[PDB]
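Structure record follows, encoded as C-alpha cells.
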Amino acid sequence: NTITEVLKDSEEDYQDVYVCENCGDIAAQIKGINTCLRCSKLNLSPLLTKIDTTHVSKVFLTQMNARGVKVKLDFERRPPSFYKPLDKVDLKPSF
Amino acid sequence: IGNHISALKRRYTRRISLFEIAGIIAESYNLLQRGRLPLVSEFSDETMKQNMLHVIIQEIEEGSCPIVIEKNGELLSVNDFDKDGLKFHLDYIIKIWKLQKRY
Amino acid sequence: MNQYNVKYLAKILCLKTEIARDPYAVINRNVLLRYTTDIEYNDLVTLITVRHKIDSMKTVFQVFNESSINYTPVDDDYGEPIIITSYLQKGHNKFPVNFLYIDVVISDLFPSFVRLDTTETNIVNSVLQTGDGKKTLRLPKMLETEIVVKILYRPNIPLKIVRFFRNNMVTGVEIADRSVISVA
Amino acid sequence: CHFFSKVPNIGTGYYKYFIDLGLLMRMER
Amino acid sequence: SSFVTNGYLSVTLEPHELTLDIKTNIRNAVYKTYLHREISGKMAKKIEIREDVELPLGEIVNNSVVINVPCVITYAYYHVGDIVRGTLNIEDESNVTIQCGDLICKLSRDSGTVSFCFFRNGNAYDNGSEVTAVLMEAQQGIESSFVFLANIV
Ligand SMILES: [Zn+2]
C-alpha cells in the first residue's frame, strides 16, 4: 500500500474520468452526457466505465495510439461470494 | 490419497504471519478513520473518547472485526486463524506501538 | 563405434539392465557395484555381456553403427539392437557420439534420478493444486531426448515426471521434480 | 500494476480483502 | 414490450455511509445509478430490493466499497415501428421534439418547418400540442429517456 500510494497522483487531484470498453478512448462529456465520439459515429452503444489512473499513463497511451497501436482494457466482473462458518483448528503439538 | 493431502493443506492454511494481520489492521483502521461505525459492545457516547487503535484491538479480540481475507481459495475472518499465533503477533505489535506512543 | 567409446557405453548398458529388472529403482553411479561387464569389440558388431553378481544372470547387447545394421537375436539377447548415431535422435536405443566422448556415468556431474510410481504421482499432483477451484502449478521442464529419459524407459509405462536427488552443500540431499515434454 | 495504479501481489497485497456487512445490517436504531 | 428478471446490481459506497443508515444509502444509490437510465438498449423502469436473501460480501477498492445488491428488475424497451403519442416541443428553428412519459422523439429536418412556436407538417401544431409519431431509428438516450428519430403519423 505504501508504494501504491507513493506512485499515485495526489488524492486531492482526483476527478471522474470515463473510458469506452470497446476502443479505449477517454469518453468526452457533451452537455453533461458521457459519449464516445468514435463509437457513436459507428452506431454503437458501448459501456463507459470509470477508471483511476495517473495522467502520465493517459499521455503515454494516447501517444501509443498516435503510432497506430490500439490498447483495449477489460474489467473484472467476478460473481458474488458469501462467507461460511469454518470449524476450529488448533495447530499445537501433542505434549 | 488426494483427500489426505487436501486435508493437510487445509489445516496448513490456518497459520498466521505478520503480513496478514498487518493488512487486516490497515483495512479496519482506514475504514474507521474515514468514518464508519465501530462495532464494539456497549457502544455509547463514551466510546468516542478512546483511542482508535484500542477500538480496533477490542473489535478483533471480541470477534466483531468485519474484515474478511481470502488466502487459499477460502474466506477467513480474523478469528479463523490459529489463536496462539494471533496472540503472539498482537503482543509484538502492541509492544512496538507502545514504543512509538501510539497505544 | 571405436575401441574406446564401447567401454563408456557398457556402463550405460548396466543402468538399462537394472531398469529392466526393476522399473522403480534409483539410478546413480553406485549401481555399477552390482554388475560386471565383458566386451568383445569388432568394426561391424560389438558384443557386450552384463552379469549380475548375486543372480549370475546374463544380458547380451549387440552394438552396431548407424549405417550398417545386421541384427539377429542370440542367447539372452536384450531384445533390441543398440545403435550409435551421428546426431541426437529420438529412441531409447540410439545414442549419439556426442554422448560418448568421455566416460559419462562416473563423472561427478552425472545425475541421480528415479521414476515415481502411481501413488507418488497422485501425491505430487495433489500438492501442486492451489486450492482455488482446479487451478494448478506446473513443474519445470526437460526434453524427451535427454540421456536420463533414455535410461528410464519401459515399453508399457509412459514417463511423465522424473525425480532428482540433488547434491546440496548445506543439507546433503534435496528433492526436485521435472516434467518430460515431447520433441517433434 | 504500477502502470495502472494497482496494488502489487507482494506482502500485504498478496491477499484480497472484503468487508462483512452482516453484523452491521443486524443492528437497528 | 417489457419483461422481469432477477439479478444483481453493482454499486459503490463510501466509508462514511457504513452506519445505521446502511439500507437507506443502498437504496438511494441503486435508484440514482439505475432508476431511469437506458443501458445496453433497455431501461429498468421498476427496481425492487429483495430484503429476504443473504447479502454478498463487499469488495474493498482503494477507499471505497463495492456491493452487489440483489433485486428484481422490470425492464422496458422500444423498437422500430412502435406508435407513440406525446407533447410537441420547439426550442429553436432546428430542434423540434416530442416528449412522452419515458420517450423522446426527434423529428428530421426535411419533414416540416418552424415559424411564429408552430410546426407545419401538413397540419398546424402549436408548441405543446399532442401529436402521434412512429419510431424509425434508435440512438443513445439522454437525461434518463429514450431517444428515437421518428416521423409524425
Ligand atoms: Zn469507443
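Following the order of the C-alpha cells, first chain is A, next is B, and so on, with residues numbered from 1 inside each chain and ligands from 1 in the order they appear.
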
Got a sec to pull out which chain E residues are within 10 Å of chain A, counting only C-alpha atoms, and send them as JSON, numbers by chain? {"E": [8, 10, 39, 40, 41, 54, 55, 56, 57, 58, 59, 62, 67, 68, 69, 138, 139, 140, 141, 142, 143]}

Mind listing the residues within 9 Å of ligand 1, only C-alpha atoms and all ligand atoms counted, as an MDAnalysis selection string? chainID A and resid 19:27 35:40 44:48

Please dump the current selection as a compact mmCIF listing (two decimals), in the first residue's frame; keep N, CA, C and O atoms.
```
# COMPACT_ATOMS: atom_id res chain seq x y z
N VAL A 19 -13.93 5.72 -19.62
CA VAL A 19 -13.26 5.07 -20.72
C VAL A 19 -14.25 4.15 -21.42
O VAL A 19 -15.10 3.53 -20.77
N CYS A 20 -14.15 4.08 -22.74
CA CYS A 20 -15.02 3.22 -23.54
C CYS A 20 -14.43 1.82 -23.58
O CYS A 20 -13.29 1.64 -23.99
N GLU A 21 -15.22 0.83 -23.16
CA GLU A 21 -14.73 -0.53 -23.11
C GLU A 21 -14.50 -1.13 -24.49
O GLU A 21 -13.93 -2.22 -24.58
N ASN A 22 -14.93 -0.46 -25.55
CA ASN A 22 -14.84 -1.02 -26.89
C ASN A 22 -13.55 -0.64 -27.59
O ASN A 22 -12.92 -1.49 -28.23
N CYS A 23 -13.13 0.62 -27.48
CA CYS A 23 -11.95 1.10 -28.19
C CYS A 23 -10.89 1.72 -27.29
O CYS A 23 -9.79 1.98 -27.77
N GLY A 24 -11.19 1.97 -26.02
CA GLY A 24 -10.21 2.51 -25.11
C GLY A 24 -10.06 4.01 -25.12
O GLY A 24 -9.10 4.52 -24.53
N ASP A 25 -10.95 4.74 -25.78
CA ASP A 25 -10.87 6.19 -25.79
C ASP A 25 -11.47 6.78 -24.52
O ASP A 25 -12.43 6.26 -23.97
N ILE A 26 -10.88 7.89 -24.07
CA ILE A 26 -11.44 8.62 -22.94
C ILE A 26 -12.72 9.30 -23.38
O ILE A 26 -12.70 10.24 -24.18
N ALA A 27 -13.85 8.82 -22.87
CA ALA A 27 -15.15 9.33 -23.29
C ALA A 27 -15.27 10.82 -22.98
O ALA A 27 -14.94 11.27 -21.88
N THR A 35 -20.06 10.37 -23.65
CA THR A 35 -20.22 9.85 -25.00
C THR A 35 -18.85 9.59 -25.59
O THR A 35 -17.93 10.40 -25.46
N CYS A 36 -18.72 8.44 -26.25
CA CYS A 36 -17.54 8.10 -27.03
C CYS A 36 -17.83 8.49 -28.47
O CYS A 36 -18.70 7.89 -29.12
N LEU A 37 -17.12 9.49 -28.98
CA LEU A 37 -17.42 10.02 -30.30
C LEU A 37 -17.17 8.98 -31.38
O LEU A 37 -18.00 8.80 -32.28
N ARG A 38 -16.04 8.28 -31.31
CA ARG A 38 -15.70 7.31 -32.35
C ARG A 38 -16.77 6.23 -32.47
O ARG A 38 -17.22 5.91 -33.57
N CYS A 39 -17.20 5.67 -31.34
CA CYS A 39 -18.17 4.58 -31.39
C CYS A 39 -19.57 5.08 -31.71
O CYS A 39 -20.34 4.36 -32.36
N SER A 40 -19.92 6.28 -31.26
CA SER A 40 -21.21 6.85 -31.63
C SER A 40 -21.29 7.06 -33.13
O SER A 40 -22.34 6.80 -33.74
N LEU A 44 -22.84 2.56 -32.44
CA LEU A 44 -22.62 1.59 -31.38
C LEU A 44 -22.93 2.22 -30.04
O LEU A 44 -22.90 3.45 -29.88
N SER A 45 -23.22 1.37 -29.06
CA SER A 45 -23.58 1.80 -27.71
C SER A 45 -22.72 1.05 -26.71
O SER A 45 -23.21 0.18 -25.97
N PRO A 46 -21.43 1.35 -26.65
CA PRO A 46 -20.54 0.63 -25.74
C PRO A 46 -20.70 1.11 -24.31
O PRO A 46 -21.26 2.17 -24.03
N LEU A 47 -20.18 0.30 -23.39
CA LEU A 47 -20.21 0.64 -21.97
C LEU A 47 -19.08 1.59 -21.63
O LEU A 47 -17.93 1.39 -22.03
N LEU A 48 -19.41 2.63 -20.87
CA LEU A 48 -18.43 3.58 -20.37
C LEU A 48 -18.21 3.30 -18.89
O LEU A 48 -19.17 3.22 -18.12
```

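Using only C-alpha atoms, the protein and nucleic acid residues lying no more than 12 Å from residue C:155, apart from those fewer than 2 places from it along its own chain, are residues 19, 20, 23, 80, 91, 92, 150, 152, 153, 157, 158 and 159 of chain C.
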
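For chain A, the residues having at least one atom no farther than 7 Å from chain B, when counting only C-alpha atoms, are residues 83, 86, 88, 89, 90 and 91 of chain A.
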
Please produce a file of the residues just selected, as a PDB file, in the first residue's frame, where the atoms kept are C-alpha atoms.
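Output contents, as saved in again.pdb:
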```pdb
ATOM      1  CA  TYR A  83     -18.890 -16.110   3.928  1.00  0.00           C
ATOM      2  CA  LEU A  86     -15.372 -22.619   9.462  1.00  0.00           C
ATOM      3  CA  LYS A  88     -11.785 -24.653  14.548  1.00  0.00           C
ATOM      4  CA  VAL A  89      -8.160 -25.733  14.125  1.00  0.00           C
ATOM      5  CA  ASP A  90      -5.604 -25.981  16.936  1.00  0.00           C
ATOM      6  CA  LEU A  91      -2.171 -26.426  15.253  1.00  0.00           C
TER       7      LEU A  91
END
```

List every residue of chain B that has an atom at most 6 Å from any atom of stretch 5-29 of chain D, and for each one report the closest atom pair and its distance in Å to one decimal, counting only C-alpha atoms, with rows sorted by chain and then by increasing residue number, as a Markdown table.
```
| residue | atom | partner | partner_atom | distance |
| --- | --- | --- | --- | --- |
| B:19 | CA | D:12 | CA | 5.0 |
| B:23 | CA | D:12 | CA | 5.4 |
| B:66 | CA | D:20 | CA | 5.0 |
| B:67 | CA | D:19 | CA | 4.8 |
| B:68 | CA | D:18 | CA | 5.0 |
| B:69 | CA | D:17 | CA | 4.8 |
| B:70 | CA | D:16 | CA | 5.5 |
```

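The part of chain B that reaches within 8 Å of chain C is made up of residues 1, 2, 5, 6, 72, 73 and 74 of chain B, counting only C-alpha atoms.
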
Selected residues written out with C-alpha atoms, as a CSV table (one decimal), in the first residue's frame:
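And here is the file that came out, selection_15.csv:
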```csv
chain,number,residue,atom,x,y,z
B,1,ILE,CA,-4.7,-40.2,-1.0
B,2,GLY,CA,-5.5,-36.9,-2.6
B,5,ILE,CA,-3.1,-34.1,1.2
B,6,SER,CA,-6.1,-31.8,0.7
B,72,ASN,CA,-6.1,-20.3,-0.5
B,73,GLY,CA,-9.4,-20.3,-2.2
B,74,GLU,CA,-11.2,-19.8,1.2
```

re atom CA of residue B:32 and atom CA of residue E:64: distance 12.2 Å

Applying 8 Å and only C-alpha atoms, which residues near residue C:64 remain after dropping the ones on its own chain fewer than 2 positions away? List them as number ranges by chain. C: 1, 44-46, 62, 66, 68-70, 81-84

When you look at residue A:56 with a cut-off of 12 Å (counting only C-alpha atoms), what residues show up, excluding the ones that are within fewer than 3 positions of it in the same chain? I need them as a VMD selection string. (chain A and resid 7 to 9 53 59 to 63) or (chain D and resid 2 to 5)

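Using only C-alpha atoms, the smallest distance between any of C:27, C:173, C:15, C:9 and residue C:94 comes from C:9.
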
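Reported to one decimal place, the separation of atom CA of residue E:9 from atom CA of residue E:25 is 14.1 Å.
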
Taking 3 positions as the minimum chain separation for residues in the same chain, which residues sit within 12 Å of residue E:73 when counting only C-alpha atoms? Answer as a ChimeraX atom specification. /E:2-9,30-31,34-36,42-50,69-70,76

Suppose we keep N, CA and C atoms; can you now write the selection as a short mmCIF file (atom, residue, chain, number, x, y, z; two decimals), in the first residue's frame?
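Result written to again.cif:
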```cif
data_model
loop_
_atom_site.label_atom_id
_atom_site.label_comp_id
_atom_site.auth_asym_id
_atom_site.auth_seq_id
_atom_site.Cartn_x
_atom_site.Cartn_y
_atom_site.Cartn_z
N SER E 2 -42.03 -5.47 -22.49
CA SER E 2 -41.33 -5.42 -21.22
C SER E 2 -41.21 -6.84 -20.67
N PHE E 3 -40.33 -7.00 -19.69
CA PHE E 3 -40.13 -8.28 -19.04
C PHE E 3 -39.61 -8.04 -17.63
N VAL E 4 -39.43 -9.13 -16.88
CA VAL E 4 -39.00 -9.08 -15.49
C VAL E 4 -37.92 -10.12 -15.27
N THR E 5 -36.90 -9.76 -14.49
CA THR E 5 -35.78 -10.65 -14.22
C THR E 5 -35.34 -10.48 -12.77
N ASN E 6 -34.54 -11.44 -12.30
CA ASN E 6 -33.88 -11.36 -11.01
C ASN E 6 -32.38 -11.25 -11.23
N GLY E 7 -31.76 -10.22 -10.66
CA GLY E 7 -30.35 -10.01 -10.92
C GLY E 7 -29.71 -9.13 -9.87
N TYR E 8 -28.38 -9.10 -9.92
CA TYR E 8 -27.59 -8.27 -9.03
C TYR E 8 -27.26 -6.95 -9.71
N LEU E 9 -27.31 -5.87 -8.94
CA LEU E 9 -26.88 -4.56 -9.39
C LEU E 9 -25.67 -4.14 -8.56
N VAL E 30 -28.76 2.73 -5.49
CA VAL E 30 -29.28 1.89 -6.56
C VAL E 30 -30.23 2.69 -7.44
N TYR E 31 -31.14 3.44 -6.82
CA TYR E 31 -32.05 4.26 -7.61
C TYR E 31 -31.29 5.29 -8.42
N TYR E 34 -29.48 3.48 -11.42
CA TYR E 34 -30.18 2.60 -12.35
C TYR E 34 -31.66 2.90 -12.55
N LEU E 35 -32.21 3.97 -11.97
CA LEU E 35 -33.66 4.10 -11.92
C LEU E 35 -34.26 4.28 -13.32
N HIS E 36 -33.85 5.32 -14.03
CA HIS E 36 -34.45 5.64 -15.32
C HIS E 36 -33.41 5.79 -16.42
N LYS E 42 -31.87 -1.05 -23.14
CA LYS E 42 -33.03 -1.32 -22.30
C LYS E 42 -33.01 -0.39 -21.10
N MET E 43 -34.19 -0.21 -20.50
CA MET E 43 -34.33 0.62 -19.31
C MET E 43 -34.96 -0.19 -18.19
N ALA E 44 -34.61 0.14 -16.96
CA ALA E 44 -35.11 -0.54 -15.77
C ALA E 44 -36.17 0.36 -15.15
N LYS E 45 -37.43 0.13 -15.51
CA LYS E 45 -38.49 1.05 -15.12
C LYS E 45 -38.85 0.91 -13.64
N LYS E 46 -38.72 -0.29 -13.08
CA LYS E 46 -39.05 -0.53 -11.68
C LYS E 46 -38.01 -1.46 -11.08
N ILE E 47 -37.51 -1.10 -9.90
CA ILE E 47 -36.48 -1.87 -9.21
C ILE E 47 -36.97 -2.19 -7.81
N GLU E 48 -36.93 -3.47 -7.45
CA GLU E 48 -37.31 -3.95 -6.13
C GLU E 48 -36.10 -4.60 -5.48
N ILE E 49 -35.86 -4.27 -4.21
CA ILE E 49 -34.75 -4.81 -3.45
C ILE E 49 -35.26 -5.97 -2.61
N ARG E 50 -34.60 -7.13 -2.73
CA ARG E 50 -35.17 -8.38 -2.24
C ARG E 50 -35.50 -8.29 -0.75
N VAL E 69 -26.08 -5.74 -4.93
CA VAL E 69 -27.40 -5.75 -4.30
C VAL E 69 -28.32 -6.64 -5.13
N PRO E 70 -28.92 -7.68 -4.55
CA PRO E 70 -29.88 -8.48 -5.32
C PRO E 70 -31.21 -7.76 -5.45
N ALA E 76 -38.02 -2.42 -19.58
CA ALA E 76 -38.85 -1.96 -20.67
C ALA E 76 -37.96 -1.43 -21.79
#
```

Name the residues of chain C that come out as alpha helix (DSSP H) in a backbone DSSP run; write them as a PyMOL selection string. chain C and resi 5-21+118-128+147-151

Output file for the selection above: N, CA and C atoms, as a tab-separated table (two decimals), in the first residue's frame:
```tsv
chain	number	residue	atom	x	y	z
C	5	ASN	N	34.86	-45.82	-26.96
C	5	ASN	CA	33.52	-45.44	-26.54
C	5	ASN	C	32.66	-46.65	-26.20
C	6	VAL	N	33.04	-47.85	-26.64
C	6	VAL	CA	32.30	-49.03	-26.23
C	6	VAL	C	32.48	-49.27	-24.73
C	7	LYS	N	33.67	-48.97	-24.20
C	7	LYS	CA	33.88	-49.11	-22.77
C	7	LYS	C	33.10	-48.07	-21.98
C	8	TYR	N	32.73	-46.96	-22.61
C	8	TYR	CA	31.85	-45.99	-21.96
C	8	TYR	C	30.39	-46.41	-22.06
C	9	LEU	N	30.00	-47.02	-23.18
C	9	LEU	CA	28.61	-47.43	-23.36
C	9	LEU	C	28.27	-48.66	-22.53
C	10	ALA	N	29.26	-49.51	-22.25
C	10	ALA	CA	28.98	-50.70	-21.45
C	10	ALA	C	28.50	-50.33	-20.06
C	11	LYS	N	28.83	-49.14	-19.58
C	11	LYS	CA	28.34	-48.71	-18.27
C	11	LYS	C	26.89	-48.27	-18.33
C	12	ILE	N	26.48	-47.60	-19.41
C	12	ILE	CA	25.08	-47.25	-19.58
C	12	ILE	C	24.24	-48.51	-19.74
C	13	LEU	N	24.78	-49.51	-20.43
C	13	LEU	CA	24.08	-50.79	-20.53
C	13	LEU	C	24.33	-51.67	-19.32
C	14	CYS	N	24.29	-51.09	-18.15
C	14	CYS	CA	24.09	-51.73	-16.86
C	14	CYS	C	22.98	-51.03	-16.09
C	15	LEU	N	22.91	-49.71	-16.20
C	15	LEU	CA	21.75	-48.99	-15.72
C	15	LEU	C	20.50	-49.40	-16.49
C	16	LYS	N	20.63	-49.60	-17.80
C	16	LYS	CA	19.48	-50.07	-18.56
C	16	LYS	C	19.06	-51.47	-18.12
C	17	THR	N	20.03	-52.33	-17.81
C	17	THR	CA	19.70	-53.66	-17.30
C	17	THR	C	19.01	-53.58	-15.95
C	18	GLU	N	19.51	-52.72	-15.06
C	18	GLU	CA	18.87	-52.54	-13.77
C	18	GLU	C	17.42	-52.12	-13.94
C	19	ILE	N	17.18	-51.12	-14.80
C	19	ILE	CA	15.81	-50.65	-15.01
C	19	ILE	C	14.96	-51.76	-15.62
C	20	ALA	N	15.56	-52.60	-16.47
C	20	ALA	CA	14.83	-53.74	-16.99
C	20	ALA	C	14.41	-54.68	-15.86
C	21	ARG	N	15.27	-54.85	-14.86
C	21	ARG	CA	14.94	-55.74	-13.75
C	21	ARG	C	13.87	-55.13	-12.85
C	118	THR	N	2.60	-44.72	-9.10
C	118	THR	CA	1.29	-44.09	-9.21
C	118	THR	C	0.92	-43.32	-7.94
C	119	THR	N	1.19	-43.90	-6.77
C	119	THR	CA	0.85	-43.23	-5.52
C	119	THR	C	1.61	-41.92	-5.37
C	120	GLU	N	2.91	-41.95	-5.63
C	120	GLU	CA	3.71	-40.74	-5.53
C	120	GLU	C	3.26	-39.71	-6.56
C	121	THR	N	2.87	-40.17	-7.75
C	121	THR	CA	2.36	-39.26	-8.76
C	121	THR	C	1.10	-38.56	-8.27
C	122	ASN	N	0.18	-39.31	-7.66
C	122	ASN	CA	-1.03	-38.70	-7.12
C	122	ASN	C	-0.70	-37.69	-6.03
C	123	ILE	N	0.26	-38.02	-5.17
C	123	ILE	CA	0.65	-37.08	-4.13
C	123	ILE	C	1.19	-35.79	-4.74
C	124	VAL	N	2.04	-35.91	-5.76
C	124	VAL	CA	2.60	-34.71	-6.39
C	124	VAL	C	1.49	-33.88	-7.03
C	125	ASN	N	0.59	-34.53	-7.76
C	125	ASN	CA	-0.49	-33.80	-8.41
C	125	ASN	C	-1.35	-33.08	-7.39
C	126	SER	N	-1.67	-33.74	-6.28
C	126	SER	CA	-2.46	-33.10	-5.24
C	126	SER	C	-1.72	-31.92	-4.62
C	127	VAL	N	-0.41	-32.07	-4.40
C	127	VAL	CA	0.35	-30.99	-3.80
C	127	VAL	C	0.43	-29.80	-4.74
C	128	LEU	N	0.35	-30.02	-6.05
C	128	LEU	CA	0.51	-28.91	-6.98
C	128	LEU	C	-0.72	-28.01	-7.08
C	147	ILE	N	19.61	-38.13	-21.95
C	147	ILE	CA	20.09	-39.47	-21.65
C	147	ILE	C	19.35	-40.05	-20.46
C	148	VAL	N	18.92	-39.20	-19.53
C	148	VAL	CA	18.13	-39.65	-18.39
C	148	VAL	C	16.88	-40.38	-18.88
C	149	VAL	N	16.17	-39.78	-19.83
C	149	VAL	CA	14.94	-40.38	-20.33
C	149	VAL	C	15.24	-41.66	-21.08
C	150	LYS	N	16.37	-41.71	-21.79
C	150	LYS	CA	16.73	-42.94	-22.50
C	150	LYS	C	16.97	-44.08	-21.52
C	151	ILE	N	17.65	-43.80	-20.41
C	151	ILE	CA	17.92	-44.86	-19.44
C	151	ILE	C	16.63	-45.35	-18.79
```

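The coordinates place atom CA of residue C:75 at 17.9 Å from atom CA of residue C:36.
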